[PDB]
>>> print(open('entry_12.csv').read())   # CSV, C-alpha atoms
chain,number,residue,atom,x,y,z
A,1,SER,CA,-44.4,162.4,43.8
A,2,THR,CA,-41.0,160.8,44.4
A,3,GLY,CA,-39.0,159.3,47.2
A,4,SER,CA,-35.2,158.7,47.7
A,5,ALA,CA,-33.6,156.8,50.6
A,6,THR,CA,-30.1,155.6,51.3
A,7,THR,CA,-29.6,151.9,51.8
A,8,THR,CA,-26.6,150.8,53.9
A,9,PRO,CA,-24.9,147.4,54.2
A,10,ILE,CA,-25.5,145.7,57.5
A,11,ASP,CA,-21.9,144.4,57.8
A,12,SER,CA,-18.5,144.4,56.1
A,13,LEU,CA,-19.5,141.7,53.6
A,14,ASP,CA,-22.7,143.3,52.3
A,15,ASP,CA,-24.7,140.4,53.6
A,16,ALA,CA,-27.8,142.6,53.3
A,17,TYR,CA,-28.8,146.2,53.1
A,18,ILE,CA,-31.1,148.3,55.4
A,19,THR,CA,-33.1,151.3,54.5
A,20,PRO,CA,-34.8,153.6,57.1
A,21,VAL,CA,-38.6,153.6,56.9
A,22,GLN,CA,-41.0,155.8,58.8
A,23,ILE,CA,-44.1,154.0,60.2
A,24,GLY,CA,-47.0,155.6,62.1
A,25,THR,CA,-47.8,158.9,63.7
A,26,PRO,CA,-45.6,160.2,65.3
A,27,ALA,CA,-43.1,158.4,63.0
A,28,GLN,CA,-41.4,155.3,64.2
A,29,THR,CA,-38.3,154.7,62.1
A,30,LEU,CA,-37.3,151.1,61.5
A,31,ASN,CA,-34.5,149.8,59.3
A,32,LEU,CA,-36.0,147.4,56.8
A,33,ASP,CA,-34.5,145.0,54.2
A,34,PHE,CA,-36.0,146.0,50.9
A,35,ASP,CA,-36.7,142.7,49.1
A,36,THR,CA,-37.6,142.6,45.4
A,37,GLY,CA,-38.1,138.8,45.9
A,38,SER,CA,-41.0,139.0,48.3
A,39,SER,CA,-44.2,141.0,48.8
A,40,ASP,CA,-44.8,141.5,52.5
A,41,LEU,CA,-43.9,144.5,54.6
A,42,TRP,CA,-43.4,143.0,58.0
A,43,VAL,CA,-41.8,144.4,61.2
A,44,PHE,CA,-40.6,143.4,64.6
A,45,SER,CA,-43.2,144.8,66.9
A,46,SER,CA,-44.5,145.2,70.5
A,47,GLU,CA,-46.4,141.9,69.6
A,48,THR,CA,-43.3,139.9,68.8
A,49,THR,CA,-42.6,137.1,71.3
A,50,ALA,CA,-40.2,138.7,73.7
A,51,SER,CA,-37.6,135.9,73.6
A,52,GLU,CA,-37.4,136.3,69.8
A,53,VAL,CA,-36.4,140.0,70.0
A,54,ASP,CA,-32.7,140.7,70.4
A,55,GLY,CA,-31.7,144.3,69.7
A,56,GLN,CA,-34.1,145.1,66.9
A,57,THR,CA,-36.2,148.3,66.9
A,58,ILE,CA,-39.9,147.5,67.2
A,59,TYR,CA,-43.0,149.0,65.8
A,60,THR,CA,-45.6,149.7,68.6
A,61,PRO,CA,-49.0,150.2,66.9
A,62,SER,CA,-50.7,151.4,70.1
A,63,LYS,CA,-48.4,154.5,70.0
A,64,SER,CA,-49.4,155.4,66.5
A,65,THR,CA,-52.5,157.6,66.2
A,66,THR,CA,-53.0,156.4,62.5
A,67,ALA,CA,-52.6,152.7,63.1
A,68,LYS,CA,-55.7,150.6,62.7
A,69,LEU,CA,-56.0,146.8,63.2
A,70,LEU,CA,-56.9,145.1,59.9
A,71,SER,CA,-59.5,142.9,61.6
A,72,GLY,CA,-59.1,139.2,61.1
A,73,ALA,CA,-56.0,139.5,58.9
A,74,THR,CA,-53.0,137.2,59.5
A,75,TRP,CA,-49.8,136.5,57.6
A,76,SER,CA,-47.2,133.8,57.5
A,77,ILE,CA,-44.1,133.7,55.2
A,78,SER,CA,-41.2,131.3,54.6
A,79,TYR,CA,-38.2,132.4,52.7
A,80,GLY,CA,-35.8,130.5,50.4
A,81,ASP,CA,-33.1,130.4,53.2
A,82,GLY,CA,-35.5,128.5,55.5
A,83,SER,CA,-36.3,131.5,57.7
A,84,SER,CA,-39.9,132.5,58.5
A,85,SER,CA,-42.2,134.9,60.4
A,86,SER,CA,-45.9,135.4,61.0
A,87,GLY,CA,-48.4,137.6,62.8
A,88,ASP,CA,-51.3,140.0,62.4
A,89,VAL,CA,-51.8,143.2,60.4
A,90,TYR,CA,-52.3,146.9,60.9
A,91,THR,CA,-52.8,149.6,58.4
A,92,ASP,CA,-50.7,152.8,59.0
A,93,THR,CA,-48.9,155.6,57.2
A,94,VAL,CA,-45.5,154.5,55.8
A,95,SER,CA,-42.9,156.9,54.3
A,96,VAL,CA,-39.7,156.0,52.5
A,97,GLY,CA,-37.3,158.8,51.6
A,98,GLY,CA,-40.1,161.4,51.6
A,99,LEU,CA,-42.7,159.3,49.7
A,100,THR,CA,-45.8,158.7,51.8
A,101,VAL,CA,-48.4,155.9,51.5
A,102,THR,CA,-51.5,156.1,53.8
A,103,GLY,CA,-53.3,152.9,54.6
A,104,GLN,CA,-50.3,150.6,54.0
A,105,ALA,CA,-50.6,147.1,55.4
A,106,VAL,CA,-47.9,146.8,58.1
A,107,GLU,CA,-47.6,143.1,59.1
A,108,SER,CA,-46.7,142.9,62.7
A,109,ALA,CA,-44.7,139.8,63.7
A,110,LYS,CA,-45.9,137.7,66.6
A,111,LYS,CA,-43.2,135.1,65.8
A,112,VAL,CA,-39.9,135.2,63.9
A,113,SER,CA,-37.4,132.4,63.2
A,114,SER,CA,-34.0,132.3,64.8
A,115,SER,CA,-32.1,133.9,61.9
A,116,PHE,CA,-34.2,137.0,62.2
A,117,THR,CA,-33.7,137.2,66.0
A,118,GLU,CA,-30.0,136.7,65.6
A,119,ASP,CA,-29.7,139.6,63.2
A,120,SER,CA,-30.0,142.7,65.3
A,121,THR,CA,-29.6,145.1,62.3
A,122,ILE,CA,-32.8,144.2,60.4
A,123,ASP,CA,-36.1,145.4,61.9
A,124,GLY,CA,-38.2,143.8,59.2
A,125,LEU,CA,-38.7,143.4,55.4
A,126,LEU,CA,-40.3,145.7,52.8
A,127,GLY,CA,-41.3,143.5,49.9
A,128,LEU,CA,-41.1,144.9,46.4
A,129,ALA,CA,-42.0,141.8,44.3
A,130,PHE,CA,-45.5,141.6,42.8
A,131,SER,CA,-48.5,141.9,45.2
A,132,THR,CA,-49.8,138.5,44.0
A,133,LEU,CA,-47.2,137.0,46.4
A,134,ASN,CA,-48.4,138.9,49.4
A,135,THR,CA,-49.3,136.4,52.2
A,136,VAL,CA,-52.0,138.3,54.1
A,137,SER,CA,-55.2,136.2,54.5
A,138,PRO,CA,-58.1,136.4,54.0
A,139,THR,CA,-57.7,139.6,52.1
A,140,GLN,CA,-54.4,139.9,50.2
A,141,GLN,CA,-52.6,143.2,50.6
A,142,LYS,CA,-50.6,145.5,48.2
A,143,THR,CA,-46.9,146.3,48.4
A,144,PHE,CA,-45.7,149.8,49.2
A,145,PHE,CA,-44.7,150.3,45.6
A,146,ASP,CA,-48.1,149.1,44.3
A,147,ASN,CA,-49.9,151.5,46.7
A,148,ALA,CA,-47.6,154.4,45.7
A,149,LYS,CA,-47.5,153.7,42.0
A,150,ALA,CA,-50.4,155.9,40.8
A,151,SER,CA,-49.0,158.9,42.7
A,152,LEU,CA,-45.4,158.6,41.4
A,153,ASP,CA,-44.1,160.8,38.7
A,154,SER,CA,-43.2,157.6,36.8
A,155,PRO,CA,-44.3,154.1,37.9
A,156,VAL,CA,-40.7,152.9,38.7
A,157,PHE,CA,-38.3,152.3,41.4
A,158,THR,CA,-34.5,151.9,41.1
A,159,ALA,CA,-31.9,149.9,43.1
A,160,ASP,CA,-28.4,151.3,43.3
A,161,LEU,CA,-26.6,149.1,45.8
A,162,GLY,CA,-23.1,149.8,46.9
A,163,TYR,CA,-20.1,147.6,47.1
A,164,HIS,CA,-18.9,147.8,50.7
A,165,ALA,CA,-20.7,151.3,50.8
A,166,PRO,CA,-24.1,152.8,50.9
A,167,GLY,CA,-26.4,153.1,47.9
A,168,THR,CA,-29.8,154.4,47.0
A,169,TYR,CA,-33.4,153.3,46.5
A,170,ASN,CA,-35.4,155.8,44.4
A,171,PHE,CA,-39.1,155.8,43.8
A,172,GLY,CA,-40.8,157.6,40.9
A,173,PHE,CA,-37.8,158.8,38.9
A,174,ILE,CA,-34.6,157.6,37.2
A,175,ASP,CA,-31.5,159.6,38.4
A,176,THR,CA,-29.6,160.0,35.1
A,177,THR,CA,-26.5,161.0,37.1
A,178,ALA,CA,-26.3,157.6,38.8
A,179,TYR,CA,-25.2,155.4,35.9
A,180,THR,CA,-22.9,155.5,32.9
A,181,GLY,CA,-23.8,154.8,29.4
A,182,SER,CA,-27.4,153.8,28.6
A,183,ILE,CA,-30.0,151.6,30.4
A,184,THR,CA,-30.8,148.4,28.6
A,185,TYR,CA,-34.4,147.2,29.2
A,186,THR,CA,-35.4,143.6,29.1
A,187,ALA,CA,-38.7,141.7,29.3
A,188,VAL,CA,-40.2,140.5,32.6
A,189,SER,CA,-42.5,137.6,33.4
A,190,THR,CA,-44.7,138.2,36.4
A,191,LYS,CA,-46.1,134.6,36.3
A,192,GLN,CA,-44.3,133.5,39.5
A,193,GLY,CA,-44.8,136.9,41.1
A,194,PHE,CA,-41.1,137.9,40.7
A,195,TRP,CA,-39.1,140.3,38.6
A,196,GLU,CA,-38.2,137.4,36.4
A,197,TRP,CA,-36.1,138.0,33.3
A,198,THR,CA,-33.7,136.1,30.9
A,199,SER,CA,-30.0,137.0,30.8
A,200,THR,CA,-28.4,136.5,27.4
A,201,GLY,CA,-25.2,134.8,28.7
A,202,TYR,CA,-22.0,135.2,30.6
A,203,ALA,CA,-18.3,135.4,30.6
A,204,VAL,CA,-15.6,134.5,33.2
A,205,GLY,CA,-12.8,137.0,33.6
A,206,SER,CA,-11.4,138.0,30.2
A,207,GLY,CA,-12.8,134.9,28.6
A,208,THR,CA,-15.1,134.9,25.6
A,209,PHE,CA,-18.8,135.5,26.1
A,210,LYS,CA,-21.1,132.4,26.1
A,211,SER,CA,-24.5,133.2,24.6
A,212,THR,CA,-27.1,131.2,26.5
A,213,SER,CA,-30.4,132.0,28.0
A,214,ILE,CA,-30.5,132.1,31.8
A,215,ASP,CA,-33.9,132.7,33.3
A,216,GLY,CA,-33.7,134.2,36.8
A,217,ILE,CA,-35.1,136.8,39.2
A,218,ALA,CA,-33.7,140.2,40.3
A,219,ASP,CA,-33.8,139.8,44.0
A,220,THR,CA,-32.3,142.5,46.3
A,221,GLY,CA,-33.2,140.3,49.3
A,222,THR,CA,-30.8,137.5,48.4
A,223,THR,CA,-27.1,138.1,49.1
A,224,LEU,CA,-25.4,136.0,46.4
A,225,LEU,CA,-25.6,135.2,42.7
A,226,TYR,CA,-27.2,131.7,42.2
A,227,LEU,CA,-26.8,130.3,38.6
A,228,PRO,CA,-26.9,126.9,36.9
A,229,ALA,CA,-24.2,124.4,38.0
A,230,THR,CA,-22.6,124.5,34.6
A,231,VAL,CA,-22.0,128.2,34.7
A,232,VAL,CA,-20.8,128.2,38.3
A,233,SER,CA,-18.4,125.3,37.6
A,234,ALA,CA,-16.9,127.3,34.7
A,235,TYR,CA,-16.4,130.3,37.0
A,236,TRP,CA,-14.7,128.5,39.9
A,237,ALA,CA,-12.5,126.4,37.5
A,238,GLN,CA,-10.6,129.6,36.9
A,239,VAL,CA,-9.7,129.9,40.6
A,240,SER,CA,-6.8,127.7,41.8
A,241,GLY,CA,-7.9,125.5,44.7
A,242,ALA,CA,-11.6,126.4,44.5
A,243,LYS,CA,-13.9,123.5,45.2
A,244,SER,CA,-17.5,122.8,46.1
A,245,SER,CA,-17.7,121.8,49.7
A,246,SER,CA,-20.8,119.8,50.8
A,247,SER,CA,-19.9,120.4,54.5
A,248,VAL,CA,-19.7,124.2,54.1
A,249,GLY,CA,-22.6,124.4,51.7
A,250,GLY,CA,-21.1,125.7,48.5
A,251,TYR,CA,-18.0,126.7,46.6
A,252,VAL,CA,-15.1,127.8,48.7
A,253,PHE,CA,-11.7,129.1,47.6
A,254,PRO,CA,-8.3,130.0,49.1
A,255,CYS,CA,-8.5,133.4,50.7
A,256,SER,CA,-5.1,134.1,49.1
A,257,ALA,CA,-6.7,134.1,45.6
A,258,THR,CA,-7.4,137.0,43.4
A,259,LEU,CA,-10.9,136.3,41.9
A,260,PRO,CA,-11.8,136.9,38.2
A,261,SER,CA,-14.7,139.1,37.2
A,262,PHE,CA,-18.0,137.6,36.1
A,263,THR,CA,-20.0,139.2,33.2
A,264,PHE,CA,-23.7,138.7,32.6
A,265,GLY,CA,-25.7,139.7,29.5
A,266,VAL,CA,-28.7,142.0,29.4
A,267,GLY,CA,-29.8,141.9,25.8
A,268,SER,CA,-26.8,143.0,23.8
A,269,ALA,CA,-25.3,144.8,26.9
A,270,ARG,CA,-23.0,143.5,29.5
A,271,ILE,CA,-22.7,144.0,33.3
A,272,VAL,CA,-19.3,143.2,34.8
A,273,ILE,CA,-19.1,142.0,38.4
A,274,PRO,CA,-15.6,142.7,39.6
A,275,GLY,CA,-13.8,139.7,41.2
A,276,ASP,CA,-13.7,141.4,44.6
A,277,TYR,CA,-17.5,141.5,44.7
A,278,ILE,CA,-17.4,137.6,44.7
A,279,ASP,CA,-15.4,137.3,47.9
A,280,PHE,CA,-17.5,136.6,51.0
A,281,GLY,CA,-14.6,136.1,53.3
A,282,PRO,CA,-13.5,133.3,55.7
A,283,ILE,CA,-16.0,130.5,56.1
A,284,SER,CA,-15.4,130.8,59.9
A,285,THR,CA,-13.4,133.4,61.8
A,286,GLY,CA,-9.7,133.0,61.1
A,287,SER,CA,-10.0,130.4,58.3
A,288,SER,CA,-8.0,130.6,55.1
A,289,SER,CA,-10.9,129.1,53.2
A,290,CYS,CA,-13.2,131.8,51.8
A,291,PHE,CA,-16.9,131.6,50.7
A,292,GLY,CA,-17.7,132.3,47.1
A,293,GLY,CA,-20.3,134.8,46.0
A,294,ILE,CA,-21.4,132.8,43.0
A,295,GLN,CA,-23.1,129.6,43.9
A,296,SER,CA,-25.2,126.9,42.2
A,297,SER,CA,-29.0,127.3,42.0
A,298,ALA,CA,-29.4,123.5,41.4
A,299,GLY,CA,-31.1,123.0,44.7
A,300,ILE,CA,-33.3,126.1,44.5
A,301,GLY,CA,-35.5,125.7,41.4
A,302,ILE,CA,-34.8,129.2,40.1
A,303,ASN,CA,-31.7,131.3,39.3
A,304,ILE,CA,-31.3,134.3,41.5
A,305,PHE,CA,-29.6,137.6,40.5
A,306,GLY,CA,-29.0,138.6,44.1
A,307,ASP,CA,-27.0,141.5,45.5
A,308,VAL,CA,-23.6,140.3,44.1
A,309,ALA,CA,-25.0,140.9,40.6
A,310,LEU,CA,-27.3,143.8,41.3
A,311,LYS,CA,-24.7,145.9,43.1
A,312,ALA,CA,-22.6,145.9,39.9
A,313,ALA,CA,-25.5,147.8,38.1
A,314,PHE,CA,-28.0,150.6,38.3
A,315,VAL,CA,-31.3,148.6,38.2
A,316,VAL,CA,-34.7,149.9,37.1
A,317,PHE,CA,-37.8,148.1,38.3
A,318,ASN,CA,-40.3,149.4,35.8
A,319,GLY,CA,-43.9,148.9,37.0
A,320,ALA,CA,-45.6,150.1,33.9
A,321,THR,CA,-48.7,148.2,32.7
A,322,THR,CA,-46.2,145.8,31.1
A,323,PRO,CA,-43.4,145.6,33.6
A,324,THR,CA,-39.7,145.5,32.5
A,325,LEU,CA,-36.3,145.6,34.1
A,326,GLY,CA,-33.5,148.0,33.1
A,327,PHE,CA,-29.7,147.6,33.8
A,328,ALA,CA,-27.0,150.1,33.4
A,329,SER,CA,-23.3,150.0,34.3
A,330,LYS,CA,-22.2,152.6,36.9
>>> encode(input="entry_12.csv", output="C-alpha cells")
Amino acid sequence: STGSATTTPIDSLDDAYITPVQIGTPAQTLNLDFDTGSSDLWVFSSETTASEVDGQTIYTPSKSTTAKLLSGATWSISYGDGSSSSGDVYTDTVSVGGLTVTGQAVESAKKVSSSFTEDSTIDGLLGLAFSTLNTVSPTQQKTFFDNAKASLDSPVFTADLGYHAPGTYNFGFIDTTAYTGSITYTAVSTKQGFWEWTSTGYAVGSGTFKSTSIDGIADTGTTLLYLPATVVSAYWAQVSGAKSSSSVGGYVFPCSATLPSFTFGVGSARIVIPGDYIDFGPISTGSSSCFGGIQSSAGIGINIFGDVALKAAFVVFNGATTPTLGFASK
C-alpha cells in the first residue's frame, strides 16, 4: 500500500504545516501537525477541557463505531517549546492520504497548554519519530508509520515541505518526479528516539564550505534551524545590523536586509537554503526588526534541522531494519 497527502502551511510564515487525517467511522477529518520529532498521535477531542478549545476541530470517539477505549492507558507529553498536553487513549481507524491503519492509538487530550489552545489551525499532532518515545502508559503504543510499515510497498515516508506553499507527505514510495539530481542517504542513530544524523558541514552565502560534523535531528515539528552558536554567529555576521537579542529570544535583523543563503552538507552533497527562507518577519506587528530563521541550539542540548532546513529538500525517512535519512535538492 501507499498514501499521499498534501501538507499546508498554517500561516504566511510557514510556522507549521497541517495535513488532513481521517479518524474513525464515519471519518472525522482533523488537521494534524506531522512531527518527526515526537511519537504520539494526539488530538483535540470531546474530552478536552472546554476552556482550552478555541476553534479547533475535535475528535468525538463516541460518534465513531470503530473507536475503543484503551482501558487504563494515559499519556502526557512536553515539547521542546515548553508546550504540553495529556489525556486518555482510544484505538480507532486512521487514514492518511488513502493509507489506512486499523487499531491505531489515538491519544485524546483532556488538557492542552495555552499555545495549543491559541493556535486554532492545529487539531493535534501525528508523531513520526521512533515508537520508543511514545508516552502512553502503562503500555507504550506505536506510531502511525510503525503500524503501517509492514503493509507499505517500501518501508519509507517522505517529507516535501513547501516554502510559502503546500507540499506533500508520501508513505510507502519515493516520488522520483519530486526532486532533482539524486538522493544522498546518510546514517541515523535511533538511540535518542529521533531521526538523528550528522551533517558534514556548512557554508554561508557564496562562502567556502566548512567541513565539520554537526549532529542533529530531522524534525518537521520544529519551525526553525537550530545549530551550534559558532555556526549561527558566522551566518548572522554576514547580515548588517543583525544581533542576538536576549529580550526577543534570538537573532534579529533589519527587515530591510537581503539575507544570504545557508548551505548544509549531507555526505558529499549540499542542500542550499535560500536566504528568503530564513526571514520570519517582524518580531511584532509593524516592527522593522525581523526574526531570524537560523538560531542557536546552545540552550537546547541538540541541534535541530527543522522546517527551515527540511523545506529546502526532498527528505526520505527510511524505516528499513537499519533506518537512514535521504536528502535531495528540488
>>> residues_around(input="entry_12.csv", residues="residue A:25", least_positions_apart="5", cutoff="10 Å", atoms="all atoms listed in the file", output="ChimeraX atom specification")
/A:61,63-67,92-94
>>> write_last_selection(input="entry_12.csv", atoms="C-alpha atoms", output="PDB file, in the coordinates of the input")
ATOM      1  CA  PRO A  61     -49.000 150.200  66.900  1.00  0.00           C
ATOM      2  CA  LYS A  63     -48.400 154.500  70.000  1.00  0.00           C
ATOM      3  CA  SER A  64     -49.400 155.400  66.500  1.00  0.00           C
ATOM      4  CA  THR A  65     -52.500 157.600  66.200  1.00  0.00           C
ATOM      5  CA  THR A  66     -53.000 156.400  62.500  1.00  0.00           C
ATOM      6  CA  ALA A  67     -52.600 152.700  63.100  1.00  0.00           C
ATOM      7  CA  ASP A  92     -50.700 152.800  59.000  1.00  0.00           C
ATOM      8  CA  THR A  93     -48.900 155.600  57.200  1.00  0.00           C
ATOM      9  CA  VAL A  94     -45.500 154.500  55.800  1.00  0.00           C
TER      10      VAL A  94
END
>>> atom_distance(input="entry_12.csv", atom1="atom CA of residue A:168", atom2="atom CA of residue A:124")
18.2 Å
>>> closest_residue(input="entry_12.csv", among="A:95, A:147, A:297, A:48", to="residue A:107", atoms="only C-alpha atoms")
A:48
>>> closest_residue(input="entry_12.csv", among="A:44, A:253, A:130, A:90", to="residue A:32", atoms="only C-alpha atoms")
A:44
>>> residues_around(input="entry_12.csv", residues="residue A:60", least_positions_apart="5", cutoff="10 Å", atoms="all atoms listed in the file", output="list in words")
residues 23, 24, 28, 43, 44, 45, 46, 47, 67 and 108 of chain A
>>> residues_around(input="entry_12.csv", residues="residue A:187", least_positions_apart="5", cutoff="8 Å", atoms="all atoms listed in the file", output="list in words")
residues 197, 198, 323, 324 and 325 of chain A
>>> decode(input="entry_12.csv", residues="stretch 125-158 of chain A", atoms="N, CA and C atoms", output="short mmCIF file (atom, residue, chain, number, x, y, z; two decimals), in the first residue's frame")
data_model
loop_
_atom_site.label_atom_id
_atom_site.label_comp_id
_atom_site.auth_asym_id
_atom_site.auth_seq_id
_atom_site.Cartn_x
_atom_site.Cartn_y
_atom_site.Cartn_z
N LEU A 125 -1.35 16.47 16.88
CA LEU A 125 -0.05 16.09 16.33
C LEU A 125 -0.09 14.64 15.89
N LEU A 126 0.67 14.33 14.85
CA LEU A 126 0.89 12.95 14.41
C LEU A 126 2.39 12.70 14.43
N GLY A 127 2.84 11.97 15.45
CA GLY A 127 4.26 11.74 15.65
C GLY A 127 4.81 10.71 14.67
N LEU A 128 6.01 11.01 14.17
CA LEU A 128 6.70 10.18 13.19
C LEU A 128 8.15 9.90 13.59
N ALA A 129 8.53 10.17 14.84
CA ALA A 129 9.80 9.70 15.38
C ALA A 129 9.65 8.23 15.75
N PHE A 130 10.63 7.67 16.46
CA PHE A 130 10.59 6.24 16.75
C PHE A 130 9.66 5.96 17.92
N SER A 131 9.00 4.79 17.87
CA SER A 131 7.96 4.50 18.85
C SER A 131 8.49 4.39 20.28
N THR A 132 9.80 4.23 20.46
CA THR A 132 10.39 4.24 21.79
C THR A 132 10.14 5.54 22.55
N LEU A 133 9.79 6.64 21.86
CA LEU A 133 9.46 7.89 22.54
C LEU A 133 7.98 8.03 22.87
N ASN A 134 7.13 7.10 22.45
CA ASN A 134 5.70 7.26 22.70
C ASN A 134 5.43 7.28 24.20
N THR A 135 4.55 8.19 24.65
CA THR A 135 4.37 8.41 26.08
C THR A 135 3.24 7.60 26.71
N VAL A 136 2.52 6.77 25.95
CA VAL A 136 1.38 6.07 26.55
C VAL A 136 1.86 5.11 27.62
N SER A 137 1.15 5.12 28.75
CA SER A 137 1.44 4.28 29.90
C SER A 137 0.15 3.58 30.32
N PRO A 138 0.21 2.32 30.76
CA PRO A 138 1.41 1.53 31.03
C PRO A 138 1.90 0.72 29.84
N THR A 139 1.21 0.79 28.71
CA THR A 139 1.55 0.01 27.52
C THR A 139 1.88 0.99 26.41
N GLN A 140 3.16 1.12 26.09
CA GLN A 140 3.59 2.05 25.06
C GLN A 140 2.97 1.66 23.72
N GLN A 141 2.63 2.67 22.92
CA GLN A 141 1.95 2.47 21.65
C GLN A 141 2.86 2.83 20.47
N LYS A 142 2.50 2.30 19.31
CA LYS A 142 3.26 2.51 18.08
C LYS A 142 2.74 3.71 17.28
N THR A 143 3.67 4.36 16.57
CA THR A 143 3.29 5.44 15.67
C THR A 143 2.50 4.90 14.47
N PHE A 144 1.83 5.83 13.80
CA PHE A 144 1.12 5.51 12.57
C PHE A 144 2.05 4.85 11.55
N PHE A 145 3.26 5.39 11.39
CA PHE A 145 4.21 4.81 10.45
C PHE A 145 4.63 3.41 10.86
N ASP A 146 4.92 3.21 12.15
CA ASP A 146 5.30 1.88 12.62
C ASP A 146 4.19 0.88 12.36
N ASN A 147 2.94 1.27 12.61
CA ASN A 147 1.82 0.37 12.37
C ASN A 147 1.63 0.08 10.88
N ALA A 148 1.86 1.07 10.02
CA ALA A 148 1.63 0.89 8.60
C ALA A 148 2.78 0.18 7.88
N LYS A 149 3.96 0.17 8.49
CA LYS A 149 5.21 -0.12 7.78
C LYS A 149 5.13 -1.43 7.01
N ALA A 150 4.70 -2.49 7.68
CA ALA A 150 4.74 -3.82 7.08
C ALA A 150 3.86 -3.90 5.84
N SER A 151 2.81 -3.08 5.77
CA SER A 151 1.89 -3.09 4.65
C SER A 151 2.37 -2.23 3.49
N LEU A 152 3.31 -1.32 3.74
CA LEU A 152 3.73 -0.38 2.71
C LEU A 152 4.53 -1.09 1.62
N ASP A 153 4.47 -0.53 0.41
CA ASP A 153 5.27 -1.08 -0.68
C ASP A 153 6.76 -1.04 -0.34
N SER A 154 7.20 0.02 0.33
CA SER A 154 8.57 0.20 0.78
C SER A 154 8.46 0.86 2.15
N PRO A 155 9.33 0.51 3.10
CA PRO A 155 9.15 0.98 4.49
C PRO A 155 9.70 2.38 4.72
N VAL A 156 9.09 3.36 4.05
CA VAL A 156 9.60 4.72 4.00
C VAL A 156 8.43 5.70 4.05
N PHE A 157 8.74 6.92 4.48
CA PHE A 157 7.88 8.05 4.20
C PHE A 157 8.77 9.21 3.79
N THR A 158 8.18 10.17 3.07
CA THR A 158 8.94 11.31 2.58
C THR A 158 8.24 12.60 2.97
#
